[PDB]
């Protein structure tokens, strides 16, 4: 009943939307006609968008294949994303506007204006530079959500050094593996982060990782907790000590890089394989992140914007730092979690900072729904004008809850669909679209998405199929680091199209619904975890011969991990050992990957080629749909 219902957009928002302005300026009133035009005129649309940023030198052609299916955008243009996040705002009123409203886990708080971030980024760049960091070099970051994490990212961008950010929830193997796949030259971390009152021993975990990461010349340590931590003489150095000798007036000018020079690497996972280092570049990524933020979140000069995701995920790259700073937004940045001190913390934040736009996980909403409707009702949420969803599809129940309690039965929900590989939002509502619960809606401009069968034949309205994109978009990944074959499979699994890796349905009105990952990859709390990362840390234990991880349904988190373990012969299968192997995974991969269920088994299903058939395992437990 509820999913099949259309919710029209509220008072004043359609007339004043940014997308309506761009539409009007090409002679369109209706999104549908505009959409069709954007398909024909994709290069022109993206030229318009990129013209709105500062370029050091302009580009020869909007798009071209290189050695198909590798490609390029804004060819020969020279650019620095960091410059459109900071430099160009200097000498303007926007220099004194707030860039980050930082909010610590304990309620401490500090606001940084764009000028203050410009200066802080310049000084961090100089510290990196003085160490020998230069264009091309991979800088690893393992940090809590604090200003110096933003400044560190932007400082890498301004040197032309690709950053590689590891979420702070990951433990030592995870951090080590990522740093070695990309041959990282230095590491920026902290003494620790705070999360729900407890200290997270970032530096001690970094120590366990760096000792098996031979490429690391130096570790920069932000002093955040203030706790005595180990500091290896020579390698490890406090950032604040170094910054003592870097004047306030210090300036590292942005390095003008090619529109296709690496901006960053961010590791994500399939259900098989070691993690994939997804590569994004400065030009196309900036333009895509900029345009989608502008249109989807409708950013205006008076807006305070809050995306609740960690910068350790693509969500926070694209829609905390890069995208929103290029619209000159005031951006909330929160160190902590939704439940500490208590489960109204998000609503305190919205109220504290008069937040206008919120973009959050449906995990978070399922989490807070448990604690009832009283908590949001205690706070003034009346500053919100746009809500949003990211990381997975949202059930209609939680959609209603979000709209009812957080949006007073009026506000729009931007239900978004994209992935690390896509770099930017691809399918999503805009303020001008009637909404349907649990629907990403219509594609964004130029994005030629469809639903096809194995062979790439359109399946037609109302039928479930593979969700493909037909033509590149600016912010798409260019490759997988050290491994181009792995990038190619995205284009060569179904002839001539990009294979998103999700199944989907498109209804009579063109609205897409996402039905989850095809590879049945384990997603926990919105995040892809590799079966292989889990299974390895289990086999590395002395007790364990083999392992297979699957994901099983979880009311709150999406799925949780269950693992099936074949022990060595002779080992007694105890609850004590179950607890021990859970501990093992926690201390190596991290809390988010730690199995909630575990079962000792004597055998596992294999191909005759010898690999674990994980689909069979899951189908034994849960059955396979036809």
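Positions refer to the first chain, counted from 1.
**OP:** Would you tell me which stretch averages the higher CA B-factor in the PDB entry, 104 to 112 or 446 to 454?
**Re:** That would be 446 to 454.
**OP:** Would you mind comparing 188 to 196 and 456 to 464 for me and telling me which has the higher average C-alpha temperature factor in the entry?
**Re:** It is 456 to 464.
Original post:
Between 160, 284, 226, 169, which carries the biggest CA temperature factor in the record?
Top reply: Of the candidates given, the C-alpha B-factor peaks at 284.
**OP:** Identify, among 348, 308, 363, 92, the residue whose C-alpha carries the highest B-factor in the deposited PDB entry.
**Re:** Highest C-alpha B-factor among the listed options: 92.
Original post:
Among the chain's modelled residues, which third holds the C-alpha B-factor of residue 428?
Top reply: Within its chain, residue 428 is a middle-third residue by C-alpha B-factor, going by the deposited values.
Subject >> residue 79 CA temperature factor, ranked by third within the chain >> reply: Middle third by C-alpha B-factor.
Original post:
With respect to C-alpha B-factor, does residue 407 fall in the lowest, middle or highest third of the chain as deposited?
Top reply: Its C-alpha B-factor, which the entry lists for residue 407, ranks in the middle third among residues of this chain.
Original post:
Lowest, middle or highest third of the chain for the C-alpha temperature factor of residue 313?
Top reply: Within its chain, residue 313 is a lowest-third residue by C-alpha B-factor, going by the deposited values.
Subject >> Ranked against its chain, the third holding the CA B-factor of residue 136 >> reply: Within its chain, residue 136 is a middle-third residue by C-alpha B-factor, going by the deposited values.
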